[PDB]
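Positions of Cβ are backbone-derived with ideal geometry, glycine not excepted, and every protein chain shown enters the neighbour counts. The numbers here are math on the coordinates, done by the rules we state, and not lab data.
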Amino acid sequence: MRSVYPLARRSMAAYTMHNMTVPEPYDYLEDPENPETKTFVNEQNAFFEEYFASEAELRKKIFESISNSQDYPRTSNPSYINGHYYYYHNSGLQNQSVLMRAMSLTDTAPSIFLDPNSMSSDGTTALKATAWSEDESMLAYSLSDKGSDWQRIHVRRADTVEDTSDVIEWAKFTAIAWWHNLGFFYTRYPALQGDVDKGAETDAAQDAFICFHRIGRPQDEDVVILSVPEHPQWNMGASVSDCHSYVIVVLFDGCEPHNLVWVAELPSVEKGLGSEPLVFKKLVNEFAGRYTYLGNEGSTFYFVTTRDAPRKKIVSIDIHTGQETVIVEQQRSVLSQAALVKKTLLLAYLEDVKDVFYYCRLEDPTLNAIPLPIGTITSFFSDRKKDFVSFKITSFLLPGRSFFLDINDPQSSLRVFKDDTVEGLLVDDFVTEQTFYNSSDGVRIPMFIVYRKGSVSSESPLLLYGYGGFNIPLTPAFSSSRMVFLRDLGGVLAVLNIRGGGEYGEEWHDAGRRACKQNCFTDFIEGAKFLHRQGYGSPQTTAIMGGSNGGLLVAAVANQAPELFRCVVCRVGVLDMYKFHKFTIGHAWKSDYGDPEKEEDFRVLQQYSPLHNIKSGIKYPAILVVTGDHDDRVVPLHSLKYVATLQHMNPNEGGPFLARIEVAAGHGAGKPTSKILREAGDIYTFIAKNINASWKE
């Protein structure tokens, strides 16, 4: 039977919130440094290993398989700068990608340009952002250490290939924007105090500002550019115009996709940098949508906006007079990407969760379609004055294709640059398909199903995945672990585009936000049940999984119909809605989650609260949560807090309940290859063990 679970401490503390007393027997989970939390972590992982030793040999086996399936050169898009082509590349097992600088597109011997590999001994360092100078003799990159979101900016000059002594500290969400050959604009957070480990505190983000630092001088001469006293809680970012005359600042309230944008002039006087504060024209100052900037032509200013257009729309707004005129009206599709070069505008549309590429000149805005194989655009490089464009397109079948193009006439210039081919894999062994199934709304929802052609039955192992949050659509994308699942385990993968995502744009998220948030979970239920009525899945042979908010989905749907699932995993997921507003950047999450002060919002929040909604005496599936000690993007405590209830809530019925907390790890952005590979291997061994899906030889 199930072994004796670790003796969890029970805390008497109970707090009253909106005239409702919530007890909390695990408050000591706030501080990771407490002895109780550390001993509980150690015991939980010891029992995890004891459970897993039953099929540790299969663990090693599929570890070997995933390692052999991960070994391929991952080449990204080329960048054309100063007659040299810089593109990311990996040997396949090296911890981080390294830049390649080639003299030509067809060059055989490109040299290394940027190498994060030797930065840290364990390779924990991850490159986060980069930016270019207009004279192509300067670039500024920004990385992070120990998986902590707190970053560090370094600067390098191309020709000498040497570092510089300038470094910056405690920076988050870095947006470098250089101005001619003098300096660059960035954002910086208030100075931290104490001896706490970097990125190892729960303090909420506040009192940050954007500023500008010039080269040749220390950080001490940095002059504050913009800081808002009226709204301390908002986030904001800066951007330099390619016309080299104006600076654009964008302000978001929380994480919800509305912003107000301010345009300012720039003085050519060197002393003016630090002489007087810069004025700000009130271009848009009310939250009507996300008014992203694309490019400007003199007085004219082109933006992709959601105002008066739920599916995104390209509009030209003159800032010297204040008139607004629409130039590219919204089609029935949703804009995934857009850019403006010379006279043409090239737009990638996420139509039916498929990117179709269109180009339209300023004369006739007819979006003319340029052929491109089915897939999903991941990265996109573009420069207004340049004549070379490139993008990587990948999906479930395609492991990645770097494709370049000429803006002047794509009619005969679309060419293949590189392919991320993986040995021992064939396209014909698998096939994907779209499906439409009706939810309670009476409106069809799309879903993707990828499966190996041939043997597929209702009892075959099923994995179902869907994120659906923050207006990020779960577009098709390759995964080595997914391919190991597909080919080595003979199962079928399915991806849900649930309501509330950007899969249909702003209206979809608007319908799936705040008061109707619970609605999305109901949809997920139908998803799995539909796969059982179509003949693709059986309740004893299904597993669903997701990350962060998607991980949320899993646990919360387990509260609705636990017996409708059998295998469930959580991964750095938000679970403690009662206190999610307090710690980390969760305050921005309120803009998508309901502000807990508002009573009508706390009604639904307490309705679906997965930390407390779990009930005893009812069967539950086996949850496996994964966390890391240095998790600042999401506070790790919430996840363990979830397990904290189950330990006492189900003595020997349901589960089993696994918590894998890995020492010295990240969040998911910049994970070292060894650690992420080991974690994926363990996750898939667990889902195979609790599904009984033998080796598909």
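Observations
- If you go through the range 116-152 and pick out every residue that is under 28 Å from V634 (Cα atoms), among the charged types (D, E, K, R) and assigned to a loop (DSSP other than H, G, I, E, B), you end up with 4.
- Test: residue in the range 498-508 that is of a type outside the set (F, W, Y), in contact with a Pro (Cβ under 8 Å, 6 or more places away or on another chain) and free of Cβ contacts under 8 Å to residues at least 60 places away in the same chain: yes
- Restricting the range 479-497 to residues that are touching an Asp or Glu at 6+ places or on another chain (Cβ under 8 Å) and in contact (Cβ under 8 Å) with a residue 60 or more places away in the chain, the residue that is farthest from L553 (Cα to Cα): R487
- Flag set for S165, criterion: within 26 Å of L273 (Cβ to Cβ), without any contact (Cβ under 8 Å) to a residue 24 or more places away in the chain, assigned to a loop (DSSP other than H, G, I, E, B) and among the hydroxyl-bearing types (S, T, Y).
- Against the test of being surrounded by fewer than 18 Cβ atoms within 10 Å (Cβ to Cβ), within 30 Å of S120 (Cα to Cα) and not charged (D, E, K, R), the options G681, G668, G628 yield a single qualifying residue, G668.
- Matching residues, the range 393-423, being touching a helix residue (DSSP H, G or I) at 6+ places or on another chain (Cβ under 9 Å) and either without any contact (Cβ under 8 Å) to a residue 24 or more places away in the chain or closer than 30 Å to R533 by Cβ (or both): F396
- Where strands (runs of 3 or more DSSP E) fall wholly inside the range 1-92, no range has 3 or more residues that are out of contact with any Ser or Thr (no Cβ under 9 Å at 6 or more places or on another chain) and closer than 30 Å to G424 by Cβ.
- For the residues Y141, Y87, the requirement of being closer than 22 Å to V422 by Cα, among the aromatic types (F, W, Y) and out of contact with any helix residue (DSSP H, G or I) (no Cβ under 7 Å at 6 or more places or on another chain) singles out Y87.
- Condition met for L611 (within 23 Å of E201 (Cα to Cα) and in contact with an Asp or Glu (Cβ under 7 Å, 6 or more places away or on another chain)): yes
- The range 361-388 residues that are more than 16 Å from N77 (Cα to Cα), paired with ones that are aliphatic (A, V, I, L, M) and in a loop (DSSP other than H, G, I, E, B) (beta carbon under 7 Å, 6 or more apart): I370/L414
- Positions within the range 637-669 being aromatic (F, W, Y) and under 16 Å from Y28 (Cα atoms), in sequence order: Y642
- Checked against (1) free of Cβ contacts under 8 Å to residues at least 24 places away in the same chain; (2) in contact with a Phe, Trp or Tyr (Cβ under 9 Å, 6 or more places away or on another chain), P78 passes all but a single condition, namely (1).
- Boolean, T321 is surrounded by fewer than 17 Cβ atoms within 10 Å (Cβ to Cβ), out of contact with any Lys or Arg (no Cβ under 7 Å at 6 or more places or on another chain) and of a type in the set (V, I, T): yes
Each row is one residue, and each column tells you yes or no for (1) surrounded by fewer than 18 Cβ atoms within 10 Å (Cβ to Cβ); (2) in a strand (DSSP E or B); (3) over 27 Å from the mean Cα position of the chain (by Cα).
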residue: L347; (1), (2), (3): no, yes, no
residue: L350; (1), (2), (3): no, yes, no
residue: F357; (1), (2), (3): no, yes, no
residue: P373; (1), (2), (3): yes, no, no
residue: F396; (1), (2), (3): no, no, no
residue: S412; (1), (2), (3): yes, no, yes
residue: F417; (1), (2), (3): no, yes, no
residue: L426; (1), (2), (3): yes, no, yes
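- Some residue of the range 220-238 being at positive phi, without any contact (Cβ under 8 Å) to a residue 40 or more places away in the chain and among the acidic types (D, E): no
Every residue, every condition in (1) charged (D, E, K, R); (2) buried (at least 18 other Cβ atoms within 10 Å of the Cβ); (3) within 32 Å of the chain's Cα centre (by Cα), yes or no:
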site	(1), (2), (3)
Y5	no, yes, no
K38	yes, no, yes
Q44	no, yes, yes
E49	yes, no, yes
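- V263 being over 21 Å from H587 (Cβ atoms), over 25 Å from the mean Cα position of the chain (by Cα) and surrounded by fewer than 17 Cβ atoms within 10 Å (Cβ to Cβ): no
- Residues located in the range 513-539, provided they are within 21 Å of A588 (Cβ to Cβ) and touching a strand residue (DSSP E or B) at 6+ places or on another chain (Cβ under 9 Å): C520
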